[PDB]
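Sequence, then structure. It's an experimental one.
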Amino acid sequence: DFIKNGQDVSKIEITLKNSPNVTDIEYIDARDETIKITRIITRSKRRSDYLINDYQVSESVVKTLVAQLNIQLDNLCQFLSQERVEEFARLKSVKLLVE
Amino acid sequence: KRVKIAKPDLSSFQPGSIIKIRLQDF
Amino acid sequence: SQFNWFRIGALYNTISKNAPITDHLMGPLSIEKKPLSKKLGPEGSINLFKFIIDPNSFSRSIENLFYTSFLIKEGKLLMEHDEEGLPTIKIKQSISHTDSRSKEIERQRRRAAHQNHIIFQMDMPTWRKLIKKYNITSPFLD
C-alpha cells in the first residue's frame, strides 16, 4: 500500500533533534543536532534496511536508537491506533495497575 | 529578492521534534 | 484576621476606580406569569602490516578493525591496492549526496565492483617478511 503503484521504491525521511545522550549512531556526532532517519519500501527486496543520515543500517540500530530516545512503538501509551483505541475503550482496573 | 523557505533550525525546535518530512513515491 | 480588610476596601471602589455599585434586587424572583572523524585527514596511506601488531597489546588490531567497524554498518570502507597488489589502509572523507537514495545508489555501486576478500588482509608470514627488508611497517593510527 505504501509503495506507489508502478514505482519501485517508496521513501520516507524524518529529521529529529539530536542530543549527546544516545549511543550507536552512524556518521552523526554527539554535539550534532540532526538525526535523519529514512525508510524505503520496495517490492523486489524483502529485508529491513533503514538509513541514518543517509547511511544504510539494519533495523536493529534504528530500533535501539528508538529505545534510547525513551519512545516506544509497541506500548499503547506512546502510540494510539484504532485497535488500541478499542482496547482502551473497555479497560479494567487491573490494566491500569499493570501500566 | 528570491523567496527563501523558513530555515529548519533544529536548535529552536524542542528536542525529539520533527521540522520537515519528505514523502516520495506514495 | 488582624488587619483592616474593610478600610482598604472602603478606600477602593469609592475614592478611586469610579465603579458603579448597585444592589440589583431579586426582581426576577417575582416574575409575572402573564395569564566522528573530525581530526583525521584522508590523503595519507601506509601498509597495514604493523598497523595491527603492537608490542604492547594484541588487541591493537581490534581497534584498527574498530576504525572499520564504524564503516562496516554502511560498508563505505574500501582500501586501495598498492604495489604489493593488496589493499592499503587510508583515511576516508565524510561524503554526502543529494537525497537518501543517491547515497544508497553509491553503496551498491561499490558492492558491484570487485571486492578485496581474496586473502584476509592480516596474515602472519608476510609481516615478518617485510620487517626483514626495510623494517618500516608501522601503524599510522594509535
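Yep, it's here. Numbering: from 1, shown residues only, chains lettered A, B, ... in the order given.

so which strand or helix has residue C:62?
Take DSSP states H and E as the rule and residue C:62 turns out to sit in helix C:60-72.

in that helix, what's buried?
Neighbour-count burial for helix C:60-72 flags C:60, C:61, C:64, C:67, C:70, C:71 (criterion: 16 or more other CB atoms under 10 Å in any protein chain shown). Quick note: C-beta positions are derived from backbone N, CA and C, even for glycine.

With stretch A:54-62 instead?
Using 16+ other CB under 10 Å as the test for burial, stretch A:54-62 gives A:54, A:55, A:56, A:57, A:61, A:62.

repeat for stretch B:12-24
Residues of stretch B:12-24 classed as buried: B:19, B:24 (neighbour count, 16+ other CB under 10 Å).

how far does that stretch sit from the chain's center?
Between the mean C-alpha point of stretch B:12-24 and the mean C-alpha point of its chain there is a distance of 6 Å (CA atoms, centre = their mean, to the nearest Å).

Stretch C:78-85 now?
Relative to where its chain is centred, stretch C:78-85 has its mean C-alpha point 30 Å off (CA atoms, centre = their mean).

How far does it stretch from one end to the other?
End-to-end distance for stretch C:78-85, by CA to CA, to the nearest Å: 14 Å.

Could you look up the SS state of residue A:76?
For residue A:76, the reduced secondary structure class is coil; criterion used: DSSP: H, G, I helix; E, B strand; the rest coil.

what sits against it?
Neighbour list for residue A:76: A:84, A:87, A:88 [criterion: CB atoms under 8 Å, 6 or more residues apart in numbering or on different chains].

Out of the residues you listed, the closest to residue C:52 would be?
Nearest to residue C:52 among those is residue A:84, at 52.5 Å by CB to CB.

who touches that closest one in this structure?
residue A:76.

Give me the distance from the one helix or strand it maps to to the chain's centre.
Secondary structure here is read from DSSP H and E; on that basis residue A:84 sits in helix A:82-89. Average the C-alpha atoms of helix A:82-89, do the same for its chain, and the two points are 21 Å apart (CA atoms, centre = their mean).

Pull out the buried positions in it.
If you call a residue buried by 16+ other CB under 10 Å, then helix A:82-89 has no buried ones at all.

And stretch C:99-111, by the same measure?
Using 16+ other CB under 10 Å as the test for burial, stretch C:99-111 gives C:100, C:101, C:103, C:104.

wait, isn't the third one in contact with residue A:40?
I take that to be residue C:103. No. With contacts defined as CB atoms under 8 Å, residue C:103 does not count as touching residue A:40, sitting 11.7 Å away.

Not counting sequence-adjacent ones, nearest residue to the residue positioned nearest the centre of chain B?
When chain B is reduced to its mean C-alpha position, the nearest residue by CA atoms, centre = their mean turns out to be residue B:20, at 3.3 Å. Ranked by CB to CB, 6 or more residues apart in numbering or on different chains and with sequence neighbours excluded, the top spatial neighbour of residue B:20 is residue B:8, at 5.0 Å.
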